[PDB]
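Visitor: Take a look at coords21.cif, mmCIF, C-alpha atoms and all ligand atoms:
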```cif
data_entry
loop_
_atom_site.label_atom_id
_atom_site.label_comp_id
_atom_site.auth_asym_id
_atom_site.auth_seq_id
_atom_site.Cartn_x
_atom_site.Cartn_y
_atom_site.Cartn_z
CA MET A 50 0.00 0.00 0.00
CA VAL A 51 1.25 3.45 -1.05
CA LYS A 52 1.45 5.98 1.84
CA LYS A 53 -1.52 8.20 2.94
CA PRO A 54 -1.25 11.92 4.02
CA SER A 55 -1.84 10.80 7.65
CA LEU A 56 1.53 8.96 7.54
CA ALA A 57 3.41 10.90 4.78
CA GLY A 58 2.72 14.48 5.88
CA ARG A 59 3.98 17.29 3.66
CA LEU A 60 5.31 16.19 0.24
CA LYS A 61 8.56 17.69 -1.04
CA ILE A 62 11.12 17.05 -3.81
CA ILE A 63 14.09 15.32 -2.09
CA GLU A 64 17.57 14.33 -3.43
CA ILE A 65 19.11 10.91 -2.71
CA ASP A 66 22.51 9.85 -4.11
CA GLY A 67 22.41 12.49 -6.80
CA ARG A 68 18.80 11.84 -7.91
CA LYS A 69 15.70 14.00 -7.25
CA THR A 70 12.35 12.40 -6.56
CA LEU A 71 8.99 13.07 -4.82
CA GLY A 72 9.48 12.51 -1.09
CA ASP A 73 7.54 12.79 2.16
CA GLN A 74 8.03 14.90 5.35
CA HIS A 75 10.38 12.14 6.73
CA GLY A 76 12.62 12.53 3.63
CA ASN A 77 11.71 9.12 2.14
CA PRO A 78 10.79 8.54 -1.53
CA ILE A 79 6.99 8.20 -1.96
CA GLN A 80 4.71 7.26 -4.89
CA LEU A 81 1.15 8.63 -5.29
CA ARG A 82 -1.36 6.38 -7.14
CA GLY A 83 -5.00 7.31 -7.72
CA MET A 84 -7.85 8.29 -10.02
CA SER A 85 -9.02 11.40 -11.82
CA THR A 86 -12.64 12.45 -11.96
CA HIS A 87 -14.06 13.02 -15.47
CA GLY A 88 -15.13 16.67 -16.13
CA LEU A 89 -16.93 17.84 -12.98
CA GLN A 90 -19.62 19.53 -15.08
CA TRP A 91 -20.42 16.19 -16.89
CA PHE A 92 -19.90 13.70 -14.00
CA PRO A 93 -20.28 15.61 -10.65
CA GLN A 94 -22.02 12.71 -8.86
CA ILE A 95 -18.62 11.11 -8.10
CA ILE A 96 -18.19 13.95 -5.54
CA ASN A 97 -19.84 11.92 -2.78
CA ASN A 98 -18.45 10.54 0.49
CA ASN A 99 -19.14 6.86 -0.25
CA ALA A 100 -17.15 7.03 -3.52
CA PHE A 101 -14.08 8.83 -2.03
CA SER A 102 -14.26 6.43 0.93
CA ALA A 103 -14.22 3.40 -1.41
CA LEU A 104 -11.25 4.71 -3.53
CA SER A 105 -9.17 5.51 -0.42
CA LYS A 106 -10.13 2.32 1.44
CA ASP A 107 -10.75 -0.40 -1.10
CA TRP A 108 -8.77 0.78 -4.15
CA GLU A 109 -6.09 2.10 -1.74
CA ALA A 110 -5.64 5.37 -3.61
CA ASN A 111 -3.57 8.01 -1.87
CA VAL A 112 -4.61 10.65 -4.41
CA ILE A 113 -7.63 11.86 -6.35
CA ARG A 114 -7.70 14.51 -9.02
CA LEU A 115 -10.55 16.88 -9.48
CA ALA A 116 -10.84 17.71 -13.13
CA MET A 117 -12.63 21.08 -13.25
CA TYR A 118 -13.17 21.89 -16.95
CA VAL A 119 -13.11 25.61 -17.88
CA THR A 126 -20.19 25.93 -18.18
CA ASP A 127 -21.14 27.39 -14.77
CA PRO A 128 -18.93 29.03 -12.09
CA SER A 129 -21.03 26.79 -9.75
CA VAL A 130 -18.60 23.94 -10.73
CA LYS A 131 -16.20 25.64 -8.29
CA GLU A 132 -18.45 24.33 -5.44
CA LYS A 133 -17.99 20.63 -6.31
CA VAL A 134 -14.18 21.20 -6.23
CA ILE A 135 -14.51 22.61 -2.68
CA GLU A 136 -16.60 19.64 -1.49
CA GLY A 137 -14.18 17.27 -3.31
CA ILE A 138 -11.21 18.89 -1.51
CA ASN A 139 -13.22 18.43 1.72
CA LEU A 140 -14.16 14.78 1.00
CA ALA A 141 -10.51 13.97 0.08
CA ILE A 142 -9.07 15.46 3.32
CA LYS A 143 -11.77 13.68 5.28
CA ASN A 144 -10.95 10.39 3.45
CA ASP A 145 -7.13 10.63 3.95
CA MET A 146 -6.04 11.23 0.34
CA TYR A 147 -3.98 13.82 -1.46
CA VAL A 148 -6.02 15.91 -3.84
CA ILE A 149 -5.09 17.47 -7.09
CA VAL A 150 -6.88 20.69 -7.90
CA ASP A 151 -6.85 20.62 -11.65
CA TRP A 152 -7.61 23.79 -13.59
CA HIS A 153 -8.59 21.48 -16.52
CA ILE A 154 -7.75 23.44 -19.64
CA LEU A 155 -8.43 21.59 -22.94
CA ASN A 156 -10.32 23.89 -25.38
CA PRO A 157 -8.92 26.41 -25.97
CA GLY A 158 -5.39 24.99 -25.67
CA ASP A 159 -3.76 28.19 -24.35
CA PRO A 160 -3.81 28.50 -20.50
CA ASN A 161 -3.66 32.32 -21.11
CA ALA A 162 -6.25 32.87 -23.95
CA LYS A 163 -9.13 35.18 -22.86
CA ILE A 164 -11.62 32.37 -21.86
CA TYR A 165 -9.19 31.33 -19.04
CA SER A 166 -9.15 34.64 -17.15
CA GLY A 167 -9.87 33.60 -13.57
CA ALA A 168 -7.20 30.96 -12.87
CA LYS A 169 -4.93 33.00 -10.47
CA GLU A 170 -8.12 34.30 -8.90
CA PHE A 171 -9.44 30.70 -8.63
CA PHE A 172 -6.17 29.40 -7.15
CA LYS A 173 -6.04 32.37 -4.72
CA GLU A 174 -9.54 31.38 -3.43
CA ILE A 175 -8.76 27.69 -2.88
CA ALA A 176 -5.41 28.52 -1.24
CA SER A 177 -7.06 31.11 1.08
CA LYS A 178 -9.77 28.59 2.10
CA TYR A 179 -7.07 25.97 2.81
CA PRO A 180 -3.83 27.87 3.76
CA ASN A 181 -0.74 25.68 3.24
CA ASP A 182 -2.86 22.53 3.52
CA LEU A 183 -0.67 19.44 3.17
CA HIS A 184 -3.39 17.60 1.25
CA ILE A 185 -3.62 19.85 -1.78
CA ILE A 186 -1.55 19.66 -4.94
CA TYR A 187 -2.06 22.47 -7.45
CA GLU A 188 -2.12 21.60 -11.16
CA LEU A 189 -2.13 24.87 -13.08
CA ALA A 190 -3.02 23.81 -16.60
CA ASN A 191 -4.15 20.23 -17.38
CA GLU A 192 -3.15 20.10 -21.06
CA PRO A 193 -1.67 23.12 -22.84
CA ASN A 194 -2.14 22.24 -26.54
CA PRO A 195 -2.46 23.81 -30.06
CA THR A 196 -6.33 23.70 -30.27
CA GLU A 197 -7.46 27.33 -30.78
CA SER A 198 -4.15 28.66 -29.39
CA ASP A 199 -0.48 29.47 -30.09
CA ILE A 200 0.97 26.92 -27.60
CA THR A 201 3.29 25.48 -30.21
CA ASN A 202 5.18 22.19 -29.80
CA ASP A 203 8.53 23.88 -28.98
CA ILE A 204 10.40 26.18 -26.55
CA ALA A 205 8.19 29.17 -27.49
CA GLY A 206 5.14 27.13 -26.49
CA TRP A 207 6.79 26.11 -23.22
CA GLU A 208 7.64 29.80 -22.54
CA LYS A 209 3.93 30.90 -22.83
CA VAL A 210 3.03 28.17 -20.36
CA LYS A 211 5.83 29.31 -18.04
CA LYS A 212 4.70 33.02 -18.20
CA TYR A 213 1.16 31.80 -17.22
CA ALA A 214 2.36 29.56 -14.37
CA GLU A 215 4.89 31.86 -12.63
CA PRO A 216 2.47 34.65 -11.48
CA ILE A 217 0.27 31.93 -10.01
CA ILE A 218 3.23 30.14 -8.37
CA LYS A 219 4.73 33.35 -6.84
CA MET A 220 1.32 34.37 -5.48
CA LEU A 221 0.82 30.91 -3.91
CA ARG A 222 4.32 30.92 -2.38
CA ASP A 223 3.94 34.49 -1.01
CA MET A 224 0.94 33.54 1.22
CA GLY A 225 3.01 30.67 2.63
CA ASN A 226 1.71 27.83 0.44
CA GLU A 227 4.48 25.23 0.20
CA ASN A 228 2.35 22.71 -1.78
CA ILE A 229 3.62 20.58 -4.70
CA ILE A 230 2.73 22.52 -7.85
CA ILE A 231 2.47 20.50 -11.14
CA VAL A 232 2.88 22.44 -14.41
CA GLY A 233 1.57 21.11 -17.73
CA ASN A 234 3.44 21.54 -20.95
CA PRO A 235 2.97 21.60 -24.71
CA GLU A 236 1.27 18.99 -26.95
CA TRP A 237 -1.26 17.94 -24.26
CA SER A 238 1.35 17.67 -21.50
CA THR A 239 3.56 15.25 -23.47
CA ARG A 240 6.59 17.62 -23.34
CA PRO A 241 8.09 17.74 -19.82
CA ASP A 242 11.47 17.74 -21.67
CA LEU A 243 10.81 21.28 -23.01
CA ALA A 244 11.17 22.61 -19.44
CA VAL A 245 14.78 21.36 -19.30
CA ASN A 246 15.59 24.37 -21.53
CA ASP A 247 14.28 26.79 -18.90
CA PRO A 248 12.90 25.22 -15.66
CA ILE A 249 10.78 26.99 -13.04
CA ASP A 250 13.03 28.22 -10.17
CA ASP A 251 10.97 26.62 -7.42
CA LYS A 252 12.13 23.68 -5.33
CA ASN A 253 8.58 22.15 -5.26
CA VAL A 254 7.46 22.46 -8.89
CA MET A 255 6.92 19.23 -10.87
CA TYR A 256 6.15 18.67 -14.53
CA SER A 257 3.13 16.76 -15.93
CA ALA A 258 3.26 13.91 -18.43
CA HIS A 259 0.16 12.34 -19.98
CA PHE A 260 -0.24 9.12 -22.05
CA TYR A 261 -2.90 6.74 -23.36
CA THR A 262 -1.70 3.15 -23.69
CA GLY A 263 -3.64 2.53 -26.91
CA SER A 264 -1.97 5.55 -28.56
CA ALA A 265 1.54 5.48 -27.02
CA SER A 266 4.10 2.74 -26.31
CA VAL A 267 7.17 2.91 -23.99
CA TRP A 268 9.11 1.18 -26.82
CA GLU A 269 8.42 0.81 -30.57
CA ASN A 270 10.51 -0.81 -33.28
CA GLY A 271 13.59 -0.68 -31.05
CA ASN A 272 13.20 2.99 -30.12
CA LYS A 273 11.96 4.55 -26.92
CA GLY A 274 8.55 6.15 -27.80
CA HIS A 275 8.24 9.97 -27.95
CA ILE A 276 6.38 10.41 -24.67
CA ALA A 277 8.53 7.96 -22.69
CA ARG A 278 11.73 9.52 -24.02
CA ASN A 279 10.48 13.06 -23.25
CA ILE A 280 9.87 11.81 -19.69
CA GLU A 281 13.40 10.32 -19.60
CA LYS A 282 14.96 13.59 -20.88
CA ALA A 283 13.27 15.63 -18.15
CA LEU A 284 14.38 13.03 -15.55
CA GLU A 285 18.02 12.87 -16.72
CA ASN A 286 18.25 16.62 -16.53
CA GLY A 287 17.17 16.99 -12.94
CA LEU A 288 13.42 17.58 -13.30
CA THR A 289 10.70 15.48 -11.64
CA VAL A 290 7.62 14.14 -13.45
CA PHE A 291 4.10 13.42 -12.12
CA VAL A 292 1.65 11.59 -14.41
CA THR A 293 -1.53 13.54 -13.59
CA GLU A 294 -3.54 11.76 -16.36
CA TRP A 295 -3.11 8.49 -18.20
CA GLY A 296 -5.59 6.03 -19.78
CA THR A 297 -5.77 2.37 -20.81
CA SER A 298 -7.68 3.45 -23.91
CA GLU A 299 -6.64 5.36 -27.01
CA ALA A 300 -6.18 9.15 -26.77
CA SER A 301 -9.93 9.54 -27.58
CA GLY A 302 -10.78 8.05 -24.18
CA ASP A 303 -12.12 4.91 -25.92
CA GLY A 304 -10.79 1.71 -27.57
CA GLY A 305 -9.25 -1.37 -25.97
CA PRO A 306 -8.38 -1.33 -23.14
CA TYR A 307 -4.72 -1.92 -23.95
CA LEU A 308 -3.59 -3.72 -20.84
CA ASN A 309 -0.28 -5.31 -21.95
CA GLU A 310 0.90 -1.81 -22.96
CA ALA A 311 -0.38 -0.51 -19.56
CA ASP A 312 1.87 -3.08 -17.85
CA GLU A 313 4.90 -1.68 -19.64
CA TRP A 314 4.00 1.94 -18.88
CA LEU A 315 3.43 1.14 -15.21
CA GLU A 316 6.73 -0.74 -14.91
CA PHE A 317 8.45 2.27 -16.48
CA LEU A 318 6.72 4.67 -14.05
CA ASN A 319 7.21 2.54 -10.88
CA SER A 320 10.89 1.93 -11.66
CA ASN A 321 11.39 5.72 -11.85
CA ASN A 322 9.15 6.54 -8.85
CA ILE A 323 6.74 8.49 -10.97
CA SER A 324 3.36 9.06 -9.31
CA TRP A 325 0.27 8.40 -11.44
CA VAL A 326 -3.44 9.13 -11.71
CA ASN A 327 -5.71 7.13 -14.03
CA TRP A 328 -8.45 8.59 -16.27
CA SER A 329 -11.32 8.38 -15.35
CA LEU A 330 -14.00 7.97 -12.61
CA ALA A 331 -16.89 8.07 -15.09
CA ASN A 332 -19.52 5.51 -16.12
CA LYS A 333 -19.47 6.87 -19.66
CA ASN A 334 -19.67 4.16 -22.31
CA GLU A 335 -15.96 4.40 -23.25
CA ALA A 336 -13.05 2.02 -22.57
CA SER A 337 -11.14 4.45 -20.23
CA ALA A 338 -14.10 4.91 -17.84
CA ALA A 339 -13.52 2.88 -14.64
CA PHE A 340 -17.24 1.91 -14.18
CA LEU A 341 -19.78 0.03 -16.28
CA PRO A 342 -22.53 2.23 -17.85
CA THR A 343 -25.07 0.69 -15.41
CA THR A 344 -22.82 1.32 -12.37
CA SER A 345 -23.79 4.17 -10.01
CA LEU A 346 -20.98 6.61 -9.09
CA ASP A 347 -22.26 6.44 -5.51
CA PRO A 348 -21.71 2.83 -4.36
CA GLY A 349 -23.99 3.22 -1.29
CA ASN A 350 -23.44 3.89 2.43
CA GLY A 351 -20.68 1.63 3.86
CA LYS A 352 -20.41 0.06 0.40
CA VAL A 353 -17.76 -0.31 -2.32
CA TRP A 354 -18.28 -1.07 -6.02
CA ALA A 355 -18.01 -4.82 -6.68
CA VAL A 356 -15.31 -5.85 -9.18
CA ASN A 357 -18.07 -6.86 -11.70
CA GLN A 358 -19.45 -3.30 -11.54
CA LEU A 359 -16.05 -2.11 -12.89
CA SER A 360 -15.05 -1.97 -16.60
CA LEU A 361 -12.05 -4.08 -17.72
CA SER A 362 -9.95 -0.87 -17.33
CA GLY A 363 -11.37 0.01 -13.86
CA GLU A 364 -10.68 -3.47 -12.57
CA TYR A 365 -7.11 -3.41 -13.93
CA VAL A 366 -6.29 0.08 -12.52
CA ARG A 367 -7.76 -0.89 -9.13
CA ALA A 368 -5.42 -3.90 -8.87
CA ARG A 369 -2.44 -1.72 -9.89
CA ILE A 370 -3.31 1.12 -7.43
CA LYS A 371 -3.48 -1.59 -4.70
CA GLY A 372 -0.35 -3.29 -6.00
CA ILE A 373 -1.94 -6.75 -6.04
CA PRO A 374 -1.50 -9.25 -8.90
CA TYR A 375 -3.94 -8.73 -11.79
CA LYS A 376 -6.22 -11.74 -12.13
CA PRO A 377 -9.24 -10.66 -14.16
CA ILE A 378 -12.67 -12.20 -13.30
CA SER A 379 -14.59 -14.40 -15.74
CA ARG A 380 -16.90 -12.14 -17.75
CA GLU A 381 -19.20 -14.99 -18.89
CA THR A 382 -21.46 -17.20 -16.73
CA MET A 383 -24.37 -19.57 -17.53
CL CL B 401 0.34 -9.04 -12.37
#
```
Kindly present the structure from the file in C-alpha cells form.

Guide:
Amino acid sequence: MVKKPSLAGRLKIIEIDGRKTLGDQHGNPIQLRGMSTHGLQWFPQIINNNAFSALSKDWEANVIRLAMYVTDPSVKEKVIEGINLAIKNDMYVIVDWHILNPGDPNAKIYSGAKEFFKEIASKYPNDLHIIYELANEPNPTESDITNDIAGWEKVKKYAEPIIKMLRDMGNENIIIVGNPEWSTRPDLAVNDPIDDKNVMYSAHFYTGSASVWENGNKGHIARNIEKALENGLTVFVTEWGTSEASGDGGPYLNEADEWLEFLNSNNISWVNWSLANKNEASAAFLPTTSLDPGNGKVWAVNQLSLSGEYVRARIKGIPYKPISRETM
C-alpha cells in the first residue's frame, strides 16, 4: 500500500545519491497512485463521500484529481466539497484547472485561474493535502501553444504569477505544471525550468496511442519523460488512460503493464483517467454502475469496466487476475 497523508505528511522534492524524486516529510521517496474524476460539469455525482471512501479504502488510492473543466462558475463548489471529502478520506487531492479547449492557459476564456487558485489557497492555507495543477493540457487547439520552446515559454509566463502568489501567502504545496502537446513535453522545461524547489512537470499518455518502446526505439512520450528526468526535473503523471487518446478503444492492458513498470521503476506518481460511467473504454465503471456505491459500500469488481478493474489492482499493487466475464 502506497502511503496516505496521515503517515506521509507534507510532500517535497528530495535528493538521494544524486537523484531527485517526490518525497515525504520524513525525507523518504513516496509514490502517489489514484484516479481522476471526469469533467466535474459532466460527472459531478462522483463527488460523494461513499465514492471517495471506497477509492481511499478499497482501491487504496492516496490521491484523487478533481478535473474542473473551464459551463457554470457553480462547478467551483464541487471542487470545494471534493477537496473536503478527500481530506476527510485521507487522500492527497489534485486541484486541476482542466484546460483543454482552448489549448492556451492564457487565452481570454481562461481569465480567472490565479483568482481561482487564490480562493482555494485562502480557504485551505498551506494545507498538506492539496496539490495544485495549473493547466491540465496546454495544446495547439485554438491557441499558439506550439510544440517547442516558445510554447513552453507561454506556459511558463502563465504559471509563474500563479506560483509566486501561492508561495507568497506561505503555500508550500507541490505545484504540477503542464506543458505543450497535451502535456507530453516535460522535456521542453529542461531548456528553462521553473526556479521553485517544489514544482513538478506533468506527463500524460494513453496506452492505446503510445508505447514505452516501438521498433527498437523509446517512444516519444517515454523519451520526453526520460529527458526531463536525466536533466534533474521530476515528473508526475496527472492523467493516463488504458484506452486510445480519444478516451475509448481497448483497453490496452499489456501496454499498460509496460508503462506502469516504467513509471514505478522511476518513482513516478500516477493518476488514471477516469472515474466516469461513460460508455468508453477508459471509464472505470460500467454504464449501469452508479458513481455512488452506497453507504458503507464499495463497487463490486463486476461493476467495474475491464480498465477500472485493472487500474484498481495496480493502485493496490496486487497481482492482476481478471474475473470471468461470462457465466451460464
Ligand atoms: Cl500481475

Visitor: Enumerate residues in contact with ligand CL 401 (chain B): an atom-to-atom distance of at most 10 Å, counting all atoms listed in the file. Format the result as a PyMOL selection string.

Guide: chain A and resi 312+365+368-369+372-377

Visitor: State, in Å with one decimal place, the distance from CA of residue 232 in chain A to CA of residue 58 in chain A.

Guide: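 We find that CA of residue 232 in chain A and CA of residue 58 in chain A lie 21.8 Å from each other.
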
Visitor: Separation of CA of residue 198 in chain A and CA of residue 297 in chain A, in Å?

Guide: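 Taking CA of residue 198 in chain A and CA of residue 297 in chain A, their separation equals 27.7 Å.
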
Visitor: So how far away is CA of residue 116 in chain A from CA of residue 288 in chain A, in Å?

Guide: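 Answer for the CA of residue 288 in chain A to CA of residue 116 in chain A separation: 24.3 Å.
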
Visitor: Could you list, with a cut-off of 7 Å and counting all atoms listed in the file, the residues of range 63-119 of chain A near range 345-359 of chain A, each shown with its nearest atom pair and the distance in Å rounded to one decimal, rows sorted by chain and ascending number, as a Markdown table?

Guide:
```
| residue | atom | partner | partner_atom | distance |
| --- | --- | --- | --- | --- |
| A:94 | CA | A:346 | CA | 6.2 |
| A:95 | CA | A:346 | CA | 5.2 |
| A:97 | CA | A:347 | CA | 6.6 |
| A:99 | CA | A:350 | CA | 5.9 |
| A:100 | CA | A:347 | CA | 5.5 |
| A:103 | CA | A:353 | CA | 5.2 |
```

Visitor: Could you tell me which of A:180, A:158, A:88, A:304 comes closest to residue 262 in chain A if we count only C-alpha atoms?

Guide: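 Comparing A:180, A:158, A:88, A:304 against residue 262 in chain A, the winner is A:304.
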
Visitor: Excluding residue 191 in chain A and residues on its chain fewer than 4 positions from it, collect all residues at most 8 Å away from it, counting all atoms listed in the file, and give them as a PyMOL selection string.

Guide: chain A and resi 151-155+232-233+237-238

Visitor: Between A:89, A:204, A:168, A:214, which is the closest to residue 247 in chain A once you count all atoms listed in the file?

Guide: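 Looking only at the distances to residue 247 in chain A, the closest residue turns out to be A:204.
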
Visitor: Could you name the residues that touch residue 261 in chain A at 7 Å or less, counting all atoms listed in the file, but leaving out those on the same chain fewer than 3 positions away, as a short mmCIF file (atom, residue, chain, number, x, y, z; two decimals) with C-alpha atoms, in the coordinates of the input?

Guide:
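Output saved as part_24.cif:
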```cif
data_model
loop_
_atom_site.label_atom_id
_atom_site.label_comp_id
_atom_site.auth_asym_id
_atom_site.auth_seq_id
_atom_site.Cartn_x
_atom_site.Cartn_y
_atom_site.Cartn_z
CA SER A 264 -1.97 5.55 -28.56
CA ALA A 265 1.54 5.48 -27.02
CA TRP A 295 -3.11 8.49 -18.20
CA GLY A 296 -5.59 6.03 -19.78
CA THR A 297 -5.77 2.37 -20.81
CA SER A 298 -7.68 3.45 -23.91
CA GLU A 299 -6.64 5.36 -27.01
CA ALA A 300 -6.18 9.15 -26.77
#
```
